[PDB]
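Taking it in order: structure first as structure tokens, then the write-up.
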Ligand SMILES: C[C@H](NC(=O)c1ccc(CN)cc1)c1cccc2c(-c3ccc(CN4CCOCC4)nc3)c(C(=O)O)[nH]c12
Ligand SMILES: [Zn+2]
Ligand SMILES: [Zn+2]
């Protein structure tokens, strides 16, 4: 009923959208992994009379449900998608998207890692993002590679029209107490990567984590803090 939707409020298989700003929504879905249930966020950005999608809804059937929810609530076609790292909460559902006419994109790093892991593989490579601090335009967003954090390939997305920073899994929600799933992470570089984000997007008004509740710029410092303390 208007609050940001949380894990116990979304059955697995259903997707909710949340209006962030004019022409910007998050998408929220839930999935089982290793016997526990988790929420996950992505982004939708209006691109004229089309939509740009950031990240799948974590699975084939969740992603089909995402497309249906978008048609119900927004009614414009998703034409392109970007996956912000190689994990299943970002690429699982890419095959569904491709079969629905969506052109799927990711960095070459992400594509390699997805292929090696046996995850779904976006079709098109995003060049120009291989060095930390790199940025490229993609429709109504800027894609930014901050350096290794949650994963070596993680990208962040900025919506300049709305000052919305989508951190993906490199950014945690304020209630976080732990670095999350860190098997592919670089705990030593993660604070430095977050500091790059802080420096590059000082006007961000909304910060959206990969999982959990959006907030403001404090999510960035909080993330750095949690990661440093976890490593320690
Ligand atoms: C899809 C993704 N696969 C991986 O990561 C992965 C998988 C395999 C390998 C090595 N082959 C390496 C990495 C993933 C799965 C499950 C939970 C997560 C989480 C996550 C997010 C938040 C929390 C904190 N909650 C815990 C319970 O209650 C309160 C808060 N825990 C885990 C993330 C993420 O941190 O981005 N990704 C996940
Ligand atoms: Zn991940
Ligand atoms: Zn994640």
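Dimensions of the range 111-172 from C-alpha coordinates, computed as largest minus smallest value along each principal axis and given longest first, are 36, 26, 20 Å.
Classify the chain as rounded, prolate or oblate, taking a ≥ b ≥ c as the square roots of the eigenvalues of its Cα gyration tensor: rounded when a/c is under 1.5, otherwise prolate if a/b is larger than b/c and oblate if not.
Values: a/c = 1.27, a/b = 1.23, b/c = 1.04.
Rounded shape, in that the Cα axes give a/c under 1.5.
Taking every DSSP helix (H) stretch of at least 4 residues in the chain, weighting each as -39,500 (n - 2.57) and dividing the sum by the residue count yields a mean residue ellipticity at 222 nm of -7500 deg cm²/dmol. For the range 1-46, the equivalent ellipsoid derived from the alpha-carbon gyration tensor has semi-axes of 22, 11, 7 Å in decreasing order.
Treating each Cα of the range 102-232 as one equal point scatterer and applying the Debye formula with no solvent, the log10 of I(q)/I(0) at q = 0.11, 0.21 Å⁻¹ comes out as -0.36, -1.28. Rounded, prolate or oblate: which fits the range 34-118 when a ≥ b ≥ c are the square roots of the eigenvalues of the alpha-carbon gyration tensor, with rounded for a/c under 1.5 and prolate only if a/b beats b/c? Since a/c reaches 1.5 but b/c is at least a/b, the shape of the range 34-118 is classed as oblate.
Quick one: order 120, 142, 203 by neighbouring beta-carbon count within 10 Å, fewest to most. If you can, show how the numbers build up before the last one.
Working: 120 24, 142 17, 203 9.
Ranking 120, 142, 203 by Cβ neighbours within 10 Å, fewest first, gives 203, 142, 120.
Determine one quarter of the surface area of the Cα convex hull of the range 79-146, which equals its mean projected area, and express it in nm² to one decimal. Don't skip to the answer; put the middle values down first.
Values: hull surface 17.2 nm².
Projected area, direction-averaged: 4.3 nm².
Summary of the geometry: the range 147-214 and the range 53-131, compared by the centres of their Cα atoms, lie 19 Å apart.
All Cβ positions, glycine included, derive from the backbone under ideal geometry; neighbour counts span all protein chains shown. Since every read-out is calculated from the coordinates, none of them should be taken as a lab result.
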